[PDB]
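Have a look at target.csv; it's CSV, C-alpha atoms:
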```
chain,number,residue,atom,x,y,z
U,407,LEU,CA,0.0,0.0,0.0
U,408,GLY,CA,2.9,2.4,0.7
U,409,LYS,CA,4.4,1.0,-2.5
U,410,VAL,CA,1.2,2.3,-4.1
U,411,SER,CA,1.1,5.6,-2.2
U,412,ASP,CA,4.4,7.3,-3.1
U,413,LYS,CA,4.0,5.7,-6.5
U,414,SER,CA,0.7,7.7,-6.7
U,415,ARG,CA,2.2,10.7,-5.0
U,416,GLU,CA,4.6,11.4,-7.9
U,417,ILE,CA,1.8,11.0,-10.5
U,418,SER,CA,-0.1,13.8,-8.8
U,419,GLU,CA,3.0,16.0,-9.2
U,420,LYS,CA,3.0,15.0,-12.9
U,421,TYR,CA,-0.4,16.8,-13.1
U,422,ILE,CA,0.7,19.8,-11.1
U,423,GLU,CA,3.4,20.5,-13.7
U,424,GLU,CA,0.6,20.0,-16.2
U,425,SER,CA,-1.9,22.4,-14.5
U,426,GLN,CA,0.3,25.5,-14.3
U,427,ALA,CA,1.2,25.0,-18.0
U,428,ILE,CA,-2.5,25.5,-18.6
U,429,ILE,CA,-2.9,28.4,-16.1
U,430,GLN,CA,0.0,30.4,-17.5
U,431,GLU,CA,-1.7,30.0,-20.9
U,432,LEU,CA,-5.0,31.6,-19.7
U,433,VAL,CA,-3.0,34.6,-18.2
U,434,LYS,CA,-1.7,35.0,-21.8
U,435,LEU,CA,-5.0,34.5,-23.6
U,436,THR,CA,-7.0,36.9,-21.4
U,437,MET,CA,-4.8,39.9,-21.9
U,438,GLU,CA,-5.2,40.3,-25.7
U,439,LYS,CA,-9.0,40.3,-25.1
U,440,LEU,CA,-8.4,42.9,-22.4
U,441,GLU,CA,-6.2,44.7,-24.9
U,442,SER,CA,-9.2,44.4,-27.3
U,443,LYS,CA,-11.1,46.4,-24.6
U,444,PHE,CA,-8.5,49.1,-24.0
U,445,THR,CA,-8.3,50.0,-27.7
U,446,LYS,CA,-12.1,50.6,-27.7
U,447,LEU,CA,-12.2,52.5,-24.5
U,448,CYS,CA,-9.5,54.9,-25.6
U,449,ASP,CA,-12.0,55.7,-28.4
U,450,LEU,CA,-14.4,57.2,-25.8
U,451,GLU,CA,-11.5,59.3,-24.4
U,452,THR,CA,-12.0,61.3,-27.5
U,453,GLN,CA,-15.7,61.0,-28.3
U,454,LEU,CA,-17.3,62.0,-25.0
U,455,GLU,CA,-15.0,65.0,-24.8
U,456,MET,CA,-16.2,65.9,-28.3
D,356,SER,CA,-31.3,-42.8,-49.0
D,357,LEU,CA,-33.2,-43.8,-45.9
D,358,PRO,CA,-33.8,-40.9,-43.5
D,359,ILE,CA,-32.0,-40.8,-40.1
D,360,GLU,CA,-33.6,-40.2,-36.7
D,361,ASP,CA,-33.9,-36.6,-35.6
D,362,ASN,CA,-32.6,-37.5,-32.1
D,363,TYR,CA,-29.5,-38.9,-33.8
D,364,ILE,CA,-28.9,-35.8,-35.9
D,365,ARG,CA,-29.3,-33.9,-32.6
D,366,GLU,CA,-26.9,-36.4,-31.1
D,367,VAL,CA,-23.9,-36.6,-33.4
D,368,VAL,CA,-23.8,-32.8,-33.8
D,387,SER,CA,0.5,-13.2,-23.0
D,388,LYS,CA,-1.9,-10.8,-21.3
D,389,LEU,CA,-1.2,-12.4,-17.9
D,390,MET,CA,2.4,-11.4,-17.2
D,391,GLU,CA,1.8,-7.8,-18.3
D,392,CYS,CA,0.0,-7.2,-15.0
D,393,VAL,CA,1.9,-9.5,-12.7
D,394,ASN,CA,5.3,-8.0,-13.6
D,395,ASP,CA,3.9,-4.6,-12.8
D,396,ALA,CA,2.2,-5.7,-9.6
D,397,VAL,CA,5.4,-7.3,-8.2
D,398,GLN,CA,7.3,-4.0,-8.7
D,399,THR,CA,4.8,-1.5,-7.5
```

Let me see the structure of the file written as structure tokens.
Amino acid sequence: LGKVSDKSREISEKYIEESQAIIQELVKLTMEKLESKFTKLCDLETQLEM
Amino acid sequence: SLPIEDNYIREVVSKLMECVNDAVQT
């Protein structure tokens, strides 16, 4: 059972090194969409003042 | 060409070690 447990405990670590490699992708893929909302909002910086 | 009885026609008519070798180790 201990021969299972540590053998399982490394495999969990194999998914943690997976999971951040997903998470650090979302932190990329959000930003351009946020960038796609700055370039519209700096429109209104003109237009309302018009 | 004589017919035969019906009750005589009705009368004549490596995947093991692949788990054990992995269960001994872990």

Could you make a table, as a Markdown table, of the residues of chain U that have an atom within 10 Å of an atom of chain D, each with its nearest atom pair and distance in Å to one decimal, counting only C-alpha atoms, in chain and number order?
```
| residue | atom | partner | partner_atom | distance |
| --- | --- | --- | --- | --- |
| U:407 | CA | D:399 | CA | 9.0 |
| U:408 | CA | D:399 | CA | 9.3 |
| U:409 | CA | D:399 | CA | 5.6 |
| U:410 | CA | D:399 | CA | 6.2 |
| U:411 | CA | D:399 | CA | 9.6 |
| U:412 | CA | D:399 | CA | 9.8 |
| U:413 | CA | D:399 | CA | 7.3 |
```

Q: Measure the distance from CA of residue 441 in chain U to CA of residue 422 in chain U in Å and round it to one decimal.
A: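 Distance between the two atoms: 29.3 Å.
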
Q) Interatomic distance between CA of residue 420 in chain U and CA of residue 433 in chain U? A)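 Calculated distance between CA of residue 420 in chain U and CA of residue 433 in chain U is 21.2 Å.
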